[PDB]
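Student: What follows is run-v1.csv; its format and atoms are CSV, C-alpha atoms and all ligand atoms.
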chain,number,residue,atom,x,y,z
A,1,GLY,CA,-10.9,5.8,-23.4
A,2,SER,CA,-9.6,2.2,-23.3
A,3,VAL,CA,-6.7,1.0,-21.1
A,4,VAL,CA,-3.8,0.5,-23.5
A,5,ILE,CA,-0.8,-1.8,-23.1
A,6,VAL,CA,2.3,0.5,-23.3
A,7,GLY,CA,4.9,-2.1,-22.4
A,8,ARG,CA,5.9,-5.2,-20.4
A,9,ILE,CA,8.2,-6.0,-17.5
A,10,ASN,CA,10.6,-8.7,-18.6
A,11,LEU,CA,11.3,-11.6,-16.2
A,12,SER,CA,12.3,-14.2,-18.9
A,13,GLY,CA,16.0,-13.9,-18.1
A,14,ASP,CA,18.3,-13.2,-15.1
A,15,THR,CA,17.4,-9.5,-15.1
A,16,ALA,CA,14.0,-7.8,-14.6
A,17,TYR,CA,13.6,-4.9,-17.1
A,18,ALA,CA,10.8,-2.9,-18.6
A,19,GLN,CA,10.5,-2.8,-22.3
A,20,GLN,CA,8.3,0.2,-23.3
A,21,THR,CA,6.5,-0.8,-26.6
A,22,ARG,CA,4.4,2.3,-27.5
A,23,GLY,CA,4.6,6.1,-27.7
A,24,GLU,CA,2.3,8.6,-26.1
A,25,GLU,CA,0.6,9.5,-29.4
A,26,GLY,CA,0.4,5.8,-30.3
A,27,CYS,CA,-1.1,5.2,-26.9
A,28,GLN,CA,-3.6,8.0,-27.6
A,29,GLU,CA,-4.7,6.7,-31.0
A,30,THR,CA,-5.1,3.2,-29.7
A,31,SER,CA,-6.9,4.3,-26.5
A,32,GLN,CA,-9.3,6.1,-28.9
A,33,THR,CA,-9.9,3.4,-31.5
A,34,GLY,CA,-9.7,0.6,-28.9
A,35,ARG,CA,-7.9,-1.4,-31.6
A,36,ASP,CA,-4.4,-2.6,-30.7
A,37,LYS,CA,-2.3,-4.5,-33.3
A,38,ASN,CA,0.9,-4.8,-31.2
A,39,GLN,CA,2.1,-8.3,-30.3
A,40,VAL,CA,1.7,-9.3,-26.6
A,41,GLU,CA,4.6,-10.9,-24.7
A,42,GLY,CA,5.1,-12.2,-21.2
A,43,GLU,CA,3.3,-12.0,-17.9
A,44,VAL,CA,3.5,-8.5,-16.6
A,45,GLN,CA,2.1,-5.8,-18.8
A,46,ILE,CA,2.6,-2.0,-18.5
A,47,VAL,CA,-0.8,-0.4,-19.0
A,48,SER,CA,-1.9,3.3,-19.1
A,49,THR,CA,-4.9,5.5,-19.4
A,50,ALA,CA,-4.8,9.1,-20.7
A,51,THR,CA,-3.4,10.2,-17.3
A,52,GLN,CA,-2.0,7.2,-15.3
A,53,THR,CA,0.4,4.4,-15.9
A,54,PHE,CA,0.5,1.1,-13.9
A,55,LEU,CA,1.0,-2.6,-14.3
A,56,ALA,CA,-1.2,-5.6,-15.2
A,57,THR,CA,-0.4,-9.2,-14.3
A,58,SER,CA,-1.6,-12.4,-16.0
A,59,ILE,CA,-2.6,-15.2,-13.5
A,60,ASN,CA,-4.7,-18.2,-14.5
A,61,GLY,CA,-5.7,-16.9,-18.0
A,62,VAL,CA,-6.9,-13.5,-16.7
A,63,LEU,CA,-4.9,-10.2,-16.9
A,64,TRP,CA,-5.3,-8.6,-13.5
A,65,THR,CA,-5.0,-5.0,-12.5
A,66,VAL,CA,-6.2,-2.4,-9.9
A,67,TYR,CA,-9.6,-0.8,-10.2
A,68,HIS,CA,-8.2,2.5,-8.9
A,69,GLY,CA,-6.1,2.6,-12.1
A,70,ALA,CA,-8.3,1.2,-14.7
A,71,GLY,CA,-11.8,2.2,-13.4
A,72,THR,CA,-14.5,0.5,-15.6
A,73,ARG,CA,-12.5,0.9,-18.8
A,74,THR,CA,-12.3,-1.5,-21.7
A,75,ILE,CA,-8.9,-2.7,-22.9
A,76,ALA,CA,-7.7,-2.0,-26.4
A,77,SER,CA,-7.3,-5.3,-28.3
A,78,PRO,CA,-6.9,-6.7,-31.9
A,79,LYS,CA,-10.6,-7.2,-32.3
A,80,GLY,CA,-11.5,-4.0,-30.5
A,81,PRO,CA,-12.3,-2.8,-27.0
A,82,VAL,CA,-13.0,-5.5,-24.4
A,83,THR,CA,-15.2,-5.1,-21.4
A,84,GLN,CA,-13.9,-6.2,-18.0
A,85,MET,CA,-14.7,-9.8,-17.1
A,86,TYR,CA,-14.0,-9.0,-13.5
A,87,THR,CA,-14.5,-5.8,-11.6
A,88,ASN,CA,-14.7,-5.7,-7.7
A,89,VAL,CA,-14.3,-2.2,-6.2
A,90,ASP,CA,-14.1,-3.4,-2.5
A,91,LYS,CA,-11.1,-5.5,-3.6
A,92,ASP,CA,-9.9,-2.8,-6.0
A,93,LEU,CA,-9.7,-5.6,-8.5
A,94,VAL,CA,-10.3,-5.8,-12.2
A,95,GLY,CA,-9.6,-8.5,-14.8
A,96,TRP,CA,-9.8,-9.0,-18.5
A,97,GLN,CA,-9.3,-12.1,-20.6
A,98,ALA,CA,-5.5,-12.4,-20.9
A,99,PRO,CA,-4.6,-11.1,-24.3
A,100,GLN,CA,-3.5,-13.5,-27.1
A,101,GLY,CA,0.2,-13.9,-26.9
A,102,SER,CA,0.4,-13.3,-23.1
A,103,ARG,CA,1.6,-15.8,-20.6
A,104,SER,CA,0.3,-16.4,-17.1
A,105,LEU,CA,2.3,-16.7,-14.0
A,106,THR,CA,1.8,-20.0,-12.2
A,107,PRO,CA,0.3,-19.5,-8.8
A,108,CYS,CA,2.6,-20.1,-5.8
A,109,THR,CA,2.1,-23.4,-4.0
A,110,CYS,CA,5.2,-23.2,-1.8
A,111,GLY,CA,4.1,-21.2,1.3
A,112,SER,CA,7.3,-19.3,1.2
A,113,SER,CA,7.5,-15.9,3.0
A,114,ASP,CA,10.6,-14.5,1.2
A,115,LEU,CA,8.6,-12.6,-1.4
A,116,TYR,CA,9.6,-10.3,-4.3
A,117,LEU,CA,7.8,-7.2,-5.7
A,118,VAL,CA,8.3,-6.3,-9.4
A,119,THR,CA,8.0,-2.5,-9.8
A,120,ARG,CA,7.2,-0.5,-12.9
A,121,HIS,CA,11.0,0.2,-13.0
A,122,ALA,CA,11.6,-3.5,-13.1
A,123,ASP,CA,13.4,-3.4,-9.7
A,124,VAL,CA,12.9,-6.6,-7.6
A,125,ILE,CA,12.5,-5.8,-3.9
A,126,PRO,CA,12.5,-8.4,-1.2
A,127,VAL,CA,9.2,-8.4,0.7
A,128,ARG,CA,8.7,-10.4,3.9
A,129,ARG,CA,5.1,-11.7,4.0
A,130,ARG,CA,3.5,-10.5,7.3
A,131,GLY,CA,-0.1,-11.6,6.9
A,132,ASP,CA,-3.0,-12.7,4.7
A,133,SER,CA,-2.5,-9.7,2.4
A,134,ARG,CA,0.6,-7.8,3.7
A,135,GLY,CA,4.3,-7.9,3.3
A,136,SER,CA,6.9,-5.7,5.0
A,137,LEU,CA,9.8,-4.3,3.0
A,138,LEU,CA,13.3,-5.2,4.1
A,139,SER,CA,14.6,-1.9,2.6
A,140,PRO,CA,11.9,0.8,3.0
A,141,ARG,CA,11.5,3.3,0.1
A,142,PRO,CA,9.7,6.6,-0.5
A,143,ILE,CA,6.0,6.2,-1.6
A,144,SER,CA,7.0,7.9,-4.9
A,145,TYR,CA,9.4,5.0,-5.5
A,146,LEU,CA,6.5,2.5,-5.5
A,147,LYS,CA,4.0,4.7,-7.2
A,148,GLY,CA,2.9,3.5,-10.7
A,149,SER,CA,3.6,-0.1,-9.7
A,150,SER,CA,0.1,-1.3,-8.7
A,151,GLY,CA,-1.2,-4.3,-10.6
A,152,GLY,CA,2.3,-5.8,-10.4
A,153,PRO,CA,3.1,-9.3,-9.0
A,154,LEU,CA,4.5,-10.4,-5.7
A,155,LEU,CA,6.6,-13.5,-6.4
A,156,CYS,CA,7.7,-16.5,-4.3
A,157,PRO,CA,11.3,-17.7,-4.7
A,158,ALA,CA,10.3,-20.1,-7.5
A,159,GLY,CA,9.0,-17.2,-9.7
A,160,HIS,CA,5.3,-17.9,-8.9
A,161,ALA,CA,2.7,-15.2,-8.3
A,162,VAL,CA,1.7,-14.8,-4.7
A,163,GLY,CA,-0.5,-11.7,-5.0
A,164,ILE,CA,-1.0,-8.4,-6.9
A,165,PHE,CA,0.4,-5.2,-5.5
A,166,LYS,CA,-2.3,-2.7,-4.5
A,167,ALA,CA,-1.4,-0.1,-1.9
A,168,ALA,CA,1.5,1.1,0.2
A,169,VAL,CA,1.3,1.4,4.0
A,170,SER,CA,3.0,4.7,4.5
A,171,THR,CA,4.5,6.4,7.6
A,172,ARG,CA,6.0,9.9,7.0
A,173,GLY,CA,5.7,9.4,3.3
A,174,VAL,CA,7.9,6.3,3.5
A,175,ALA,CA,6.4,2.9,2.5
A,176,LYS,CA,7.4,0.4,5.1
A,177,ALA,CA,5.0,-2.4,4.0
A,178,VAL,CA,2.9,-3.3,1.0
A,179,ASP,CA,-0.7,-4.3,0.7
A,180,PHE,CA,-1.5,-7.0,-1.9
A,181,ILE,CA,-4.4,-9.0,-3.4
A,182,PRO,CA,-3.5,-12.6,-2.8
A,183,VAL,CA,-4.1,-15.1,-5.7
A,184,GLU,CA,-6.6,-16.9,-3.4
A,185,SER,CA,-8.8,-13.8,-3.8
A,186,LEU,CA,-8.5,-13.9,-7.6
A,187,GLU,CA,-9.7,-17.5,-7.6
A,188,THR,CA,-12.7,-16.6,-5.3
A,189,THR,CA,-13.5,-14.0,-8.0
A,190,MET,CA,-13.0,-16.3,-10.9
B,201,LIG,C1,2.5,3.9,-3.9
B,201,LIG,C2,2.2,2.6,-4.5
B,201,LIG,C3,0.8,2.0,-4.3
B,201,LIG,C4,0.5,0.8,-5.1
B,201,LIG,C5,-0.2,2.0,-5.4
B,201,LIG,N1,-1.5,2.1,-4.9
B,201,LIG,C6,-2.1,3.2,-4.5
B,201,LIG,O1,-1.6,4.3,-4.6
B,201,LIG,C7,-3.3,3.0,-3.8
B,201,LIG,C8,-4.6,3.5,-4.5
B,201,LIG,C9,-5.4,4.1,-3.3
B,201,LIG,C10,-4.4,4.6,-2.5
B,201,LIG,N2,-3.2,3.8,-2.5
B,201,LIG,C11,-2.3,3.6,-1.6
B,201,LIG,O2,-1.4,2.9,-1.8
B,201,LIG,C12,-2.3,4.4,-0.5
B,201,LIG,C13,-1.5,5.7,-0.6
B,201,LIG,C14,-1.9,6.7,0.4
B,201,LIG,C15,-1.7,6.4,-2.0
B,201,LIG,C16,0.0,5.5,-0.5
B,201,LIG,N3,-2.0,3.6,0.7
B,201,LIG,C17,-2.9,3.1,1.5
B,201,LIG,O3,-4.0,3.4,1.3
B,201,LIG,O4,-2.4,2.4,2.5
B,201,LIG,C18,-3.4,2.0,3.5
B,201,LIG,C19,-3.2,0.7,4.3
B,201,LIG,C20,-4.0,0.7,3.1
B,201,LIG,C21,-5.5,0.7,3.2
B,201,LIG,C22,-6.1,0.1,1.9
B,201,LIG,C23,-6.0,1.0,0.8
B,201,LIG,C24,-7.1,0.7,-0.2
B,201,LIG,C25,-6.6,0.5,-1.6
B,201,LIG,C26,-7.4,1.2,-2.5
B,201,LIG,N4,-8.5,0.6,-2.9
B,201,LIG,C27,-9.3,1.2,-3.7
B,201,LIG,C28,-10.4,0.6,-4.2
B,201,LIG,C29,-11.2,1.2,-5.1
B,201,LIG,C30,-10.9,2.5,-5.5
B,201,LIG,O5,-11.8,3.0,-6.4
B,201,LIG,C31,-11.6,4.3,-6.9
B,201,LIG,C32,-9.8,3.1,-5.1
B,201,LIG,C33,-9.0,2.4,-4.2
B,201,LIG,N5,-7.9,3.0,-3.8
B,201,LIG,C34,-7.1,2.5,-2.9
B,201,LIG,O6,-6.0,3.1,-2.5
B,201,LIG,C35,0.1,2.6,-6.9
B,201,LIG,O7,1.3,2.6,-7.3
B,201,LIG,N6,-0.9,3.1,-7.6
B,201,LIG,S1,-0.6,3.7,-9.1
B,201,LIG,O8,0.1,2.9,-9.9
B,201,LIG,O9,0.2,4.9,-9.0
B,201,LIG,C36,-2.4,4.2,-9.9
B,201,LIG,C37,-2.3,4.3,-11.4
B,201,LIG,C38,-3.0,3.1,-10.7
B,202,ZN,ZN,5.9,-20.7,-4.4
Could you write out this structure as structure tokens?
Tutor:
Amino acid sequence: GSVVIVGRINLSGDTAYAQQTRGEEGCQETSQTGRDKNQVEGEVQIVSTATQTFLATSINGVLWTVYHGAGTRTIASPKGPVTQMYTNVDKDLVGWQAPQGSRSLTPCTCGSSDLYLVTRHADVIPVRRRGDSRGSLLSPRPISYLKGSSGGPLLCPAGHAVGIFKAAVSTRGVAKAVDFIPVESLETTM
């Protein structure tokens, strides 16, 4: 089946909050036809397959998500199923053409290390960048807490995308740092 947009994380105001936009059955029909009529809004999409839900982030005109969530799937669209433009397993990276109506996050140009991770729950966690592709969490959470939030953006203090969340570095089933796909890697791909 196709990957279907089931919602969006809202950043366009003070609060971050997920608006779910489609039902399970609606998701199933639209996964199956690959034709999606629903309007697209914002930067961070909530996407799901038949069995998993995760996030998808628009950066430089391309909707980015994790390969471990989307596999090789097409995305359901107004004109039908769309094959991936970008698919890189080593990087765990896949991209489609950003859907009509979506907005891109501007890439971070500030070199700021006080980062922020937007989860599926629309919580905004401070992350402290610790490397070329790693940020430690100020407050550590259980791995369950972050699960389902891959493909989501890591933001600088100016609201710009720094990377895409990919994997959680876990000790005793507690995430203490997050592994991301820095924008610079997306541009290498593009
Ligand atoms: C808990 C939040 C976390 C963000 C989430 N990511 C994962 O769970 C990833 C997927 C998988 C394991 N992940 C992990 O995070 C593990 C885990 C033990 C699960 C905590 N952590 C981990 O390895 O830490 C090690 C230091 C890093 C080493 C680097 C890891 C490599 C990353 C990775 N790459 C590829 C490339 C290609 C593949 O093809 C099939 C598959 C891959 N799988 C991968 O890891 C998430 O929420 N997902 S999700 O939304 O529920 C799902 C629907 C989409
Ligand atoms: Zn910045």
Student: Can you pull out every residue within 9 Å of residue A:129, counting all atoms listed in the file, but drop anything in the same chain fewer than 6 positions away, and send it as number ranges by chain?
Tutor: A: 112-115, 135-137
Student: Go through chain A residue by residue and, counting only C-alpha atoms and all ligand atoms, keep those with an atom at most 8 Å from ligand LIG 201 (chain B); for each kept residue give the shortest atom pair and its distance in Å to one decimal, ordered by chain and increasing number, as CSV.
Tutor:
residue,atom,partner,partner_atom,distance
A:48,CA,B:LIG201,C37,7.8
A:52,CA,B:LIG201,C37,4.9
A:53,CA,B:LIG201,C37,5.2
A:54,CA,B:LIG201,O8,4.4
A:55,CA,B:LIG201,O8,7.1
A:66,CA,B:LIG201,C38,6.4
A:67,CA,B:LIG201,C29,5.7
A:68,CA,B:LIG201,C32,4.2
A:69,CA,B:LIG201,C38,3.4
A:70,CA,B:LIG201,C38,6.9
A:71,CA,B:LIG201,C31,6.8
A:89,CA,B:LIG201,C29,4.7
A:90,CA,B:LIG201,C28,5.7
A:91,CA,B:LIG201,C28,6.2
A:92,CA,B:LIG201,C28,3.9
A:93,CA,B:LIG201,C28,7.6
A:143,CA,B:LIG201,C1,4.8
A:144,CA,B:LIG201,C1,6.1
A:145,CA,B:LIG201,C1,7.2
A:146,CA,B:LIG201,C2,4.4
A:147,CA,B:LIG201,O7,3.4
A:148,CA,B:LIG201,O8,3.0
A:149,CA,B:LIG201,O7,4.3
A:150,CA,B:LIG201,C4,4.2
A:151,CA,B:LIG201,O8,7.3
A:165,CA,B:LIG201,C4,6.0
A:166,CA,B:LIG201,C4,4.5
A:167,CA,B:LIG201,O2,3.0
A:168,CA,B:LIG201,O2,4.0
A:169,CA,B:LIG201,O4,4.1
A:170,CA,B:LIG201,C16,5.9
A:173,CA,B:LIG201,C16,7.9
A:175,CA,B:LIG201,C16,7.5
A:178,CA,B:LIG201,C4,7.7
A:179,CA,B:LIG201,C20,6.5
Student: Using only C-alpha atoms, which residues sit within 7 Å of residue A:174 once same-chain residues fewer than 5 positions away are excluded, as number ranges by chain?
Tutor: A: 140-143
Student: A:123, A:183, A:30, A:75: which is nearest residue A:15, counting only C-alpha atoms?
Tutor: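 Among the listed residues, the smallest separation from residue A:15 belongs to A:123.
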Student: Quick one: residues within 8 Å of ligand ZN 202 (chain B), with all atoms listed in the file, as a PDB file with C-alpha atoms, in the frame of the given file?
Tutor:
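The resulting file, part_12.pdb, is reproduced below:
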ATOM      1  CA  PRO A 107       0.300 -19.500  -8.800  1.00  0.00           C
ATOM      2  CA  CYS A 108       2.600 -20.100  -5.800  1.00  0.00           C
ATOM      3  CA  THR A 109       2.100 -23.400  -4.000  1.00  0.00           C
ATOM      4  CA  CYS A 110       5.200 -23.200  -1.800  1.00  0.00           C
ATOM      5  CA  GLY A 111       4.100 -21.200   1.300  1.00  0.00           C
ATOM      6  CA  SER A 112       7.300 -19.300   1.200  1.00  0.00           C
ATOM      7  CA  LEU A 155       6.600 -13.500  -6.400  1.00  0.00           C
ATOM      8  CA  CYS A 156       7.700 -16.500  -4.300  1.00  0.00           C
ATOM      9  CA  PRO A 157      11.300 -17.700  -4.700  1.00  0.00           C
ATOM     10  CA  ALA A 158      10.300 -20.100  -7.500  1.00  0.00           C
ATOM     11  CA  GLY A 159       9.000 -17.200  -9.700  1.00  0.00           C
ATOM     12  CA  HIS A 160       5.300 -17.900  -8.900  1.00  0.00           C
ATOM     13  CA  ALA A 161       2.700 -15.200  -8.300  1.00  0.00           C
ATOM     14  CA  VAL A 162       1.700 -14.800  -4.700  1.00  0.00           C
TER      15      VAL A 162
END
Student: Mind giving me the straight-line distance from atom CA of residue A:95 to atom CA of residue A:57 in Å, one decimal?
Tutor: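 Computed distance, atom CA of residue A:95 to atom CA of residue A:57, equals 9.2 Å.
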Student: When you draw a straight line from atom CA of residue A:97 to atom CA of residue A:8, how long is it in Å?
Tutor: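 Between atom CA of residue A:97 and atom CA of residue A:8 the gap is 16.7 Å.
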Student: Identify which of the residues A:1, A:182, A:126, A:42 lies closest to residue A:58, counting only C-alpha atoms when measuring atom-to-atom distances.
Tutor: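 The closest residue to residue A:58 is A:42.
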Student: Enter the distance from atom CA of residue A:18 to atom CA of residue A:60, in Å, rounded to one decimal.
Tutor: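 Going from atom CA of residue A:18 over to atom CA of residue A:60 covers 22.2 Å.
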Student: Write out as an mmCIF file with C-alpha atoms, in the coordinates of the input each polymer residue whose atoms come within 8 Å of residue A:41, counting all atoms listed in the file; drop sequence neighbours fewer than 4 positions from it.
Tutor:
data_model
loop_
_atom_site.group_PDB
_atom_site.id
_atom_site.type_symbol
_atom_site.label_atom_id
_atom_site.label_comp_id
_atom_site.auth_asym_id
_atom_site.auth_seq_id
_atom_site.Cartn_x
_atom_site.Cartn_y
_atom_site.Cartn_z
ATOM 1 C CA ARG A 8 5.900 -5.200 -20.400
ATOM 2 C CA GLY A 101 0.200 -13.900 -26.900
ATOM 3 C CA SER A 102 0.400 -13.300 -23.100
ATOM 4 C CA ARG A 103 1.600 -15.800 -20.600
#
Student: Can you work out which one of A:171, A:152, A:65, A:80 has the shortest atom-to-atom distance to residue A:122, counting only C-alpha atoms?
Tutor: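 The shortest atom-to-atom distance to residue A:122 comes from A:152.
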Student: Do a neighbour search on residue A:9 at 9 Å with only C-alpha atoms, toss out local chain neighbours closer than 5 positions, and write the hits as a CSV table (one decimal) with C-alpha atoms, in the coordinates of the input.
Tutor:
chain,number,residue,atom,x,y,z
A,16,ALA,CA,14.0,-7.8,-14.6
A,17,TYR,CA,13.6,-4.9,-17.1
A,18,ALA,CA,10.8,-2.9,-18.6
A,19,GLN,CA,10.5,-2.8,-22.3
A,20,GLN,CA,8.3,0.2,-23.3
A,42,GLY,CA,5.1,-12.2,-21.2
A,43,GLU,CA,3.3,-12.0,-17.9
A,44,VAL,CA,3.5,-8.5,-16.6
A,45,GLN,CA,2.1,-5.8,-18.8
A,46,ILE,CA,2.6,-2.0,-18.5
A,55,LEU,CA,1.0,-2.6,-14.3
A,118,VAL,CA,8.3,-6.3,-9.4
A,119,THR,CA,8.0,-2.5,-9.8
A,120,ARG,CA,7.2,-0.5,-12.9
A,121,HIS,CA,11.0,0.2,-13.0
A,122,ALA,CA,11.6,-3.5,-13.1
Student: Using all atoms listed in the file for the distances, tell me which of A:153, A:78, A:163, A:23 is nearest to residue A:7.
Tutor: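 Ranked by minimum distance to residue A:7, first place goes to A:23.
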Student: Show which residues sit within 7 Å of residue A:84, as a VMD selection string. Count only C-alpha atoms, and ignore same-chain residues fewer than 4 positions away.
Tutor: chain A and resid 74 94 to 96
Student: Hey, can I get the axis-aligned box for stretch 83-99 of chain A? All listed atoms, 6 Å padding on each side, centre and edge lengths in Å to one decimal, as AutoDock Vina command-line options.
Tutor:
--center_x -9.9 --center_y -7.3 --center_z -13.4 --size_x 22.6 --size_y 22.2 --size_z 33.8
